[PDB]
């Protein structure tokens, strides 16, 4: 009857929602890791500039 | 980064060693030339003493 066209999409939604949440979480994690790496590169360059700074 | 710092440190070790050697050589030159000029002055005084001895002779 009228229940099945709703149940099908309802179950379509759950796994898609979980997969989207997992993907966005993992992408955010990668983004933060890259941010830390970039800050580290800036730190290395600035530490070199600050240590040498003519001697 | 990483290798750049080590390369700079090598370039600085060369700096210190070369500068120290230059300074030490300069001190050596000063000492040696002072030695030579004092010896020359001693030679001059000996010439004058020889002249006085020649006069008394």
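We number chain A the way Swiss-Prot does; in order, the residues shown are 230-284.
From the backbone N, Cα and C atoms, a Cβ is placed for every residue, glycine too.
Per Swiss-Prot, these features apply:
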MOD_RES   A:252  phosphoserine
MOD_RES   A:261  phosphotyrosine
MOD_RES   A:271  phosphoserine
MOD_RES   A:283  phosphoserine
Rounded distance in angstrom between the Cα atoms of residue A:283 (phosphoserine) and residue A:261 (phosphotyrosine): 35
Residue A:252 (phosphoserine) versus the residue listed as 'phosphotyrosine' - Cα distance in angstrom: 14
Fewest other Cβ within 10 angstroms of its own Cβ, chosen from the modified residues A:252, A:271, A:283: A:283
Distance [Cα-Cα, Å, rounded] between residue A:252 (phosphoserine) and residue A:271 (phosphoserine): 29
